[PDB]
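Proteins come first, then strands; the chains are lettered A, B, ... in the order of their sequence lines, and each starts at number 1. Just the heavy atoms: all of them, side chains too, but no hydrogens, waters or symmetry mates, feed the values below.
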Amino acid sequence: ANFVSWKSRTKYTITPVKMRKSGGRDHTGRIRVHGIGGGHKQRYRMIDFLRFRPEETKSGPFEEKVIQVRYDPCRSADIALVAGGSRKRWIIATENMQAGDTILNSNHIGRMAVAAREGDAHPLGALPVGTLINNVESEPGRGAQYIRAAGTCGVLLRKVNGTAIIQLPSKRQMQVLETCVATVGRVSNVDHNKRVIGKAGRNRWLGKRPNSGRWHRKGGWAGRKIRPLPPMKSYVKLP
Amino acid sequence: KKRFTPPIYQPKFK
Amino acid sequence: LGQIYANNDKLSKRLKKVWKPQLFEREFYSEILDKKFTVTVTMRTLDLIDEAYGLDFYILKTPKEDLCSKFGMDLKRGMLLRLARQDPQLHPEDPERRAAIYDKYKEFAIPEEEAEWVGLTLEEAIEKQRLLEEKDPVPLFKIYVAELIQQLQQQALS
Amino acid sequence: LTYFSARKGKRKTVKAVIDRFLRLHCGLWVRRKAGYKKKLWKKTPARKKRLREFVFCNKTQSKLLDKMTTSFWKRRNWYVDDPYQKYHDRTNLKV
RNA sequence: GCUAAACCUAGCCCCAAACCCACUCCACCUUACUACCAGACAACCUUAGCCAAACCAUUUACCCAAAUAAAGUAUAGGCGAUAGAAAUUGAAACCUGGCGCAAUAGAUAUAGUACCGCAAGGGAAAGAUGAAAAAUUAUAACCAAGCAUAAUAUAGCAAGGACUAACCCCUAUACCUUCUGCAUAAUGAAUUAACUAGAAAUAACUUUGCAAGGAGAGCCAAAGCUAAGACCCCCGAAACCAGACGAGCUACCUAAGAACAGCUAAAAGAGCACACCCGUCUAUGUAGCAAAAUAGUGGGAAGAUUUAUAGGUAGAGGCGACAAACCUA
RNA sequence: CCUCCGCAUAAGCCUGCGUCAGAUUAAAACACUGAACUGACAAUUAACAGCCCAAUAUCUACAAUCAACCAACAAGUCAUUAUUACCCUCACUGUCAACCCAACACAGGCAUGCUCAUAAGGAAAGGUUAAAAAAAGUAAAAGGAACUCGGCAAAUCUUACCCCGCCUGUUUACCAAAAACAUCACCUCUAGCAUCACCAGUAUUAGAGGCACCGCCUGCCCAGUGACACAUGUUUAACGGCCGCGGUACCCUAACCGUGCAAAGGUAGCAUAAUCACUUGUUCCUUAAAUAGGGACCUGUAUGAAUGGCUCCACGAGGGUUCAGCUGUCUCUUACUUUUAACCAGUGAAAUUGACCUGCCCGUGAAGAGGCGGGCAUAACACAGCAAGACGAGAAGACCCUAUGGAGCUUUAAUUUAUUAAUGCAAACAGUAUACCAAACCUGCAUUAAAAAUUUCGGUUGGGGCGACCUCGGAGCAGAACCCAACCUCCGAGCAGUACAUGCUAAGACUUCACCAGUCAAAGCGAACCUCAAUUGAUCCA
Ligand SMILES: [Mg+2]
Ligand SMILES: [Mg+2]
Ligand SMILES: [Mg+2]
Ligand SMILES: [Mg+2]
Ligand SMILES: [Mg+2]
Ligand SMILES: [Mg+2]
Ligand SMILES: [Mg+2]
Ligand SMILES: [Mg+2]
Ligand SMILES: [Mg+2]
Ligand SMILES: [Mg+2]
Ligand SMILES: [Mg+2]
Ligand SMILES: [Mg+2]
Ligand SMILES: [Mg+2]
Ligand SMILES: [Mg+2]
Ligand SMILES: [Mg+2]
Ligand SMILES: [Mg+2]
Ligand SMILES: [Mg+2]
Ligand SMILES: [Mg+2]
Ligand SMILES: [Mg+2]
Ligand SMILES: [Mg+2]
Ligand SMILES: [Mg+2]
Ligand SMILES: [Mg+2]
Ligand SMILES: [Mg+2]
Ligand SMILES: [Mg+2]
Ligand SMILES: [Mg+2]
Ligand SMILES: [Mg+2]
Ligand SMILES: [Mg+2]
Ligand SMILES: [Mg+2]
Ligand SMILES: [Mg+2]
Ligand SMILES: [Mg+2]
Ligand SMILES: [Mg+2]
Ligand SMILES: [Mg+2]
Ligand SMILES: [Mg+2]
Ligand SMILES: [Mg+2]
Ligand SMILES: [Mg+2]
Ligand SMILES: [Mg+2]
Ligand SMILES: [Mg+2]
Ligand SMILES: [Mg+2]
Ligand SMILES: [Mg+2]
Ligand SMILES: [Mg+2]
Ligand SMILES: [Mg+2]
Ligand SMILES: [Mg+2]
Ligand SMILES: [Mg+2]
Ligand SMILES: [Mg+2]
Ligand SMILES: [Mg+2]
Ligand SMILES: [Mg+2]
Ligand SMILES: [Mg+2]
Ligand SMILES: [Mg+2]
Ligand SMILES: [Mg+2]
Ligand SMILES: [Mg+2]
Ligand SMILES: [Mg+2]
Ligand SMILES: [Mg+2]
Ligand SMILES: [Mg+2]
């Protein structure tokens, strides 16, 4: 088997990139994941998840201008093309972002919390307690891995001596360093639950194969399980 | 079951 | 790579078993080589080094059938060549320390031309010998002129 | 019974026969009674006495054991204090 | 008298002895047999199983020092099928053969060619004058089945007893195997030629030699020991395991392509309907045109569609809108 | 007269109907001389098509659909710049054909462009005759499904109802296309996360499953098993389950009661159903006639709710019933045409075959005779038919049984954990005031679990299965030495009680038809002066 991943390019760019499908196959050529294959062709828009990243030879916080809000075939939520200084990038559009708005990406953490409109990114310590937040990291400067899906949102619960506590959409709570950047507001493309597929053909266009016709008898896992919430997740190292 | 016996070709030189 | 019985009784199943050594990464110093090596080591060879009183002594004392390592045989050949050559081992300005390290291992240092072929596989030995006898061909012009001048001298001296 | 062995081409011997029977040089085989040391608490003294006996074998059994053993076990032995020395020969037997 | 028949010698086999090979020029690891360009990756690993143990579940000779003997002994072992040493002993340098085959034999061999297979792989058949063919002459015939010369004659396992006469008279239920028992309408067999199936020990028996000893070391011996003779078939599964070879069919996927008339267009995994894909029902066919076809009739035909090209996943597996489907009939 | 063809390119193939000679021979399914050929000779000429490019950075948000209005989703098929380097040129390869994959000059398979009937390309009839049977058509009086399992087929154009599945779609290449599988919708379970799938994704997500659009609903139960919690619990849209007797008025249950048990005792709904049998249940419509169809009743004692229940729109080569029509389906068949057929000419198979000089009736017999017994019949020999027999040909029956012959699958069959994942201990490390903490990866051991692996699935048996039995003794059968079967008739046994010489030895005997086992016993040495019928278990090994 000769499998080379399409994710092979070391320079960020705005133009969409051709992405090869997989069919649920790993590098060996065998099926690793079932029900995947053969949908509409797509191109990849590169999303800059490190929301606060200053340009070259520039250091402090910066402003940006929402040039457009576009549909992304590769994700649930839509993506905003946003320009600033002399460079443009794709980011995850939050709700009520439209063309012509201005967005603030700030680093300095304040003695007193700041008032943030629904599109800016501040360190979680600078934000008011109880705000709805999205695109959060775990280490400072790691980049946004948590909440990123359409309409989903998390809430900052408390601030501790050097950390901040955040509730995830699955209600699990996690503590991150105070200097961890996150964006204010809920993610755009709400009402994504109400989407009705209508027919199996639309699933096929979406690129998911039908389920196996073999009849599996249900085991002990099948009944409803009422478990307590899992313990706190902590991302703060301590000697 | 489906019992089938494929035919046998003799060598062409004969 | 052997086999075992299920509960150490022969009337049970026979299962193929593998026993692996417990390997550790440790750092060593060679007084002859004046270099620090990081090697994947085990408790047995740590104990052997302790018994031999030093990595240099362990490598120079243990035979190939016991070192069981091409790395060990290469180290042995390096130390043997150093001892046979009596070369400027440590550095200038430390001749007495160099000599002291050399005399710590007098019961060694086989001749120079013999210490080269120590720890060499058959392929390495054949390659070394082939590059030894490279000897690109000599033109026949020189041979013929030497023969003719020797003939001329023979005829003239008579 | 391995009439021909894969190493020497020789006849082999069954060692169970050797472990269970004694061969006199005349051709007679001597055995022990079965059950002579099993459940002696349910047996009468006469039964136990007849079970403790060393008895001879059939003609058929003797030929079978001769086939199952090799000629090494049929040679004439001259042990020092053999308790069966006098039994290795036959006397006053007519045809 | 046609078809035919017949023939010796290509070569081969088993030993012995001896350690054996390979660049004329050019091309050849990429799609081998390709004159000429910048990531330099790289091998070292306990076989298993059939089978035997009358099942099978521990176990079951097979490994590379001349012989012989110790010895099938010590030992091992569901202590059972069977497995099985060593110490020790001692093992005379040189000689080119055949109670081997002779074209269905002997090598598969005229050749690993033709042919078959995608591939790994499998694998044939056959020739005959003579000193001279720069003697094409007349000889050389005679011999299997099959025929021809030359169809037939009431009635009957095909004949036998006969008889002056072929038939007519009288008598007569093919063979082999398998069975309690077969003419059995139970098996097998068209027929000819060739090929095609009993291998050995312990202990006995007979015939010699020598004889309380025999034997050319070892072993046996209260007439034994030594030697010889005589003696135990052929074909056939469904299986299991190891290592290769296969996705040019088909299942699914990846890359990059192509096709879908006309009408109604409700907007459409909408309707009629071509091309195109499929295969409902009937008839034919059934050694067929075809190892799944033909004619008609049908389902779909802008989609979860059909389809060309290249690539990927492989058997203790792959792939599967699970039919135990498909993975070269 | 036909054309549903053809001409190109791609792919495939590789000289394979060009000329001359041999045609005496040889393949031509026959022939002339050329598609089923032998030798020699000759040809496919690049512009078409292949065969490409100097680096290092940098750039590349705005589909297509006449791209213009409009309108979307499944979100898309095409672009540079900056600097350095660079002044030689038209090489090489494919180019033929009646052609490829199917063993064939095979009614099969085969991508794209072009005209969609042609300006390409082709020939269904060797000759004759006009039988049967067979194939494909055409026409048919009167009737019009009376045929038949069934309106199969054909001809005409077609109304209404029901069951199942929502629908389009998929499937057993080669006997099943469906009600089976999928499917939008609904629901359960698992997962807090970055570079090789999932995914360049992040709980409105991803994955493992059930059920099956929608509409109304989905009732009770955690006793048991499984799974999750280690606080003795939670969980059924998890595996699954949702009572019994008796008294109960003339008929029936029955509301009701006494009781027992359980986790709950089947709720709604629907209902003789694709739902064990009874069963052609009862009843109305439908027909002249109704084991068919539709509508109602619930003992459905085995219906029933995501094992989803019940209605309904649309749909269906699904399975049933029906009006009307019109049809050779049929009463009831007939005529013609073509193929086939039969004869003449050419070429020329296969299954099969012990040998055959190969009759009928009755009987016999390994129980169904051409061949045997008794009768009868009987010159020889082609051609066309037919299918009663030759227990006709084909395939060493697939059904059944057997084999200490296999294999697939499932487990709660036996054995094991080599492997993966968890734990615990050990090894490896390091500070620490007489105590403690033990990061991660390896390695050894032990336990647990998942996944598996190997192997087997007794026998008797008036076939096998099911039932019953398997060892030992007494009686009968088996009457008077011994023996003697039965899935034959009847009884029993798997102990018990008392001494502790129930010590030791040893002639001679018996013997359950073998062996192994089993039985009796004189004398003797010692010491006083054994009942009972069976009452049982080898070797190895412990
Ligand atoms: Mg699903
Ligand atoms: Mg399902
Ligand atoms: Mg066996
Ligand atoms: Mg056997
Ligand atoms: Mg068996
Ligand atoms: Mg020896
Ligand atoms: Mg030959
Ligand atoms: Mg041959
Ligand atoms: Mg003849
Ligand atoms: Mg007669
Ligand atoms: Mg019989
Ligand atoms: Mg007879
Ligand atoms: Mg017969
Ligand atoms: Mg038979
Ligand atoms: Mg036959
Ligand atoms: Mg077997
Ligand atoms: Mg198997
Ligand atoms: Mg393919
Ligand atoms: Mg449609
Ligand atoms: Mg249509
Ligand atoms: Mg099924
Ligand atoms: Mg099935
Ligand atoms: Mg051309
Ligand atoms: Mg064919
Ligand atoms: Mg024309
Ligand atoms: Mg014609
Ligand atoms: Mg005609
Ligand atoms: Mg004709
Ligand atoms: Mg009519
Ligand atoms: Mg009728
Ligand atoms: Mg009728
Ligand atoms: Mg019809
Ligand atoms: Mg359907
Ligand atoms: Mg499919
Ligand atoms: Mg089929
Ligand atoms: Mg199909
Ligand atoms: Mg069909
Ligand atoms: Mg379904
Ligand atoms: Mg429920
Ligand atoms: Mg019923
Ligand atoms: Mg009817
Ligand atoms: Mg359909
Ligand atoms: Mg003819
Ligand atoms: Mg008869
Ligand atoms: Mg006839
Ligand atoms: Mg006959
Ligand atoms: Mg027959
Ligand atoms: Mg048979
Ligand atoms: Mg048996
Ligand atoms: Mg039986
Ligand atoms: Mg019976
Ligand atoms: Mg007896
Ligand atoms: Mg007495």
Side-chain angles (χ1 to χ4, degrees), chain A residues 1-3 5 7 13-15 20-33 37-44 67-68 70-71 73-76 81 88 145-152 168-170 172 174 190 192-193 196-206 210-227 233, chain B residues 2 4 6-7 9 11-13, chain C residues 1-3 6 10-17 20-24 43, chain D residues 2-8 10-13 15-16 19 34-35 44-45 58 63 66-67 70-72 75-76 89:
Chain A
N2 45 354
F3 175 86
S5 197
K7 322 172 192 292
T13 197
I14 279 273
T15 159
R20 310 191 222 102
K21 303 168 179 303
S22 78
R25 269 84 168 168
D26 62 32
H27 48 300
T28 55
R30 299 200 173 183
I31 282 167
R32 183 87 161 272
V33 187
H40 196 283
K41 313 197 163 194
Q42 290 161 3
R43 280 180 300 162
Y44 182 62
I67 306 307
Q68 202 218 345
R70 224 207 83 74
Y71 166 96
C74 297
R75 50 180 34 83
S76 275
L81 165 75
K88 339 183 213 161
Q145 313 181 244
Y146 312 92
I147 318 85
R148 313 200 313 206
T152 53
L168 291 158
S170 76
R172 183 125 196 243
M174 68 198 249
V190 302
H192 183 40
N193 316 38
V196 175
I197 302 306
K199 49 173 202 178
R202 233 179 299 278
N203 268 344
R204 299 313 298 265
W205 314 338
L206 283 180
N211 303 337
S212 162
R214 186 185 182 91
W215 182 80
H216 310 65
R217 178 190 281 104
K218 281 179 279 191
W221 63 268
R224 168 191 274 94
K225 318 288 188 197
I226 290 105
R227 319 152 109 211
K233 279 285 316 143
Chain B
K2 230 175 191 322
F4 170 70
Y9 302 149
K12 285 172 50 178
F13 82 93
Chain C
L1 304 175
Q3 307 237 345
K10 79 176 292 271
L11 282 200
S12 56
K13 255 183 230 283
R14 185 181 33 120
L15 316 159
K16 30 197 293 187
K17 180 83 186 308
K20 306 182 200 67
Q22 189 164 38
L23 319 169
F24 302 103
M43 287 294 114
Chain D
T2 324
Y3 304 86
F4 298 96
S5 51
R7 277 272 218 300
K8 307 203 71 56
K10 277 182 185 164
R11 198 185 187 97
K12 288 190 170 190
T13 168
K15 286 309 190 70
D19 272 8
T44 85
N58 241 335
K63 316 294 163 133
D66 285 39
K67 289 176 179 321
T70 291
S71 68
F72 169 88
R75 60 176 258 117
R76 158 89 59 183
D89 274 83

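Checking F:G209 for Watson-Crick or G-U wobble geometry (two distances, each under 3.5 Å) identifies F:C187 as its partner.
If you check distances only, the side chain of C:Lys13 does reach the base of F:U415 with a donor-acceptor pair under 3.5 Å.
The neighbour count for A:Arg214 CZ, taken as heavy atoms of other residues, nucleotides or ligands under 6.0 Å away, does not exceed 12.
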Subject >> Summary of protein contacts for nucleotides 422-431 of chain F, nucleotide by nucleotide, where a base hit scores B, a sugar-phosphate-only hit scores S (4.0 Å, heavy atoms) >> reply: -----BSS--
Subject >> Protein proximity profile, nucleotides 177-207 of chain F - base contact B, sugar-phosphate-only contact S, no contact -, cut-off 4.0 Å on heavy atoms >> reply: ----SSSSS--BSSSBSB-BBSSBSBBBS-S
Original post:
Which letters describe nucleotides 530-542 of chain F, given B = protein heavy atom under 4.0 Å from base, S = only from sugar-phosphate, - = neither?
Top reply: ------SSSS---
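Base-pair annotation: F:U519 with F:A509 meets the Watson-Crick or G-U wobble criterion (two N/O distances, each under 3.5 Å).
Residues satisfying the side chain to side chain donor-acceptor pair (under 3.5 Å) test with A:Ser76, not counting sequence neighbours, are A:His192.
Atom P of E:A293 sits at a distance of 14 Å from the matching atom of F:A103, rounded to the whole Å.
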Got a list of side-chain donor-acceptor pairs under 3.5 Å for residues 24-32 of chain A, not counting sequence neighbours?
{"from": "A:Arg25", "atom 1": "NH1", "to": "A:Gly23", "atom 2": "O", "distance (Å)": "2.6"}
{"from": "A:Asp26", "atom 1": "OD1", "to": "A:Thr28", "atom 2": "N", "distance (Å)": "2.8"}
{"from": "A:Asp26", "atom 1": "OD1", "to": "A:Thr28", "atom 2": "OG1", "distance (Å)": "2.2"}
{"from": "A:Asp26", "atom 1": "OD1", "to": "A:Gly29", "atom 2": "N", "distance (Å)": "3.4"}
{"from": "A:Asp26", "atom 1": "OD2", "to": "A:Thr28", "atom 2": "OG1", "distance (Å)": "3.4"}

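Side-chain contact check for A:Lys199 versus A:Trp205: some heavy-atom pair is nearer than 4.5 Å.
On the nucleic acid side, RNA chain E contacts chain B at distances under 4.0 Å to non-hydrogen atoms, with the end points of that region at E:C115 to E:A329.
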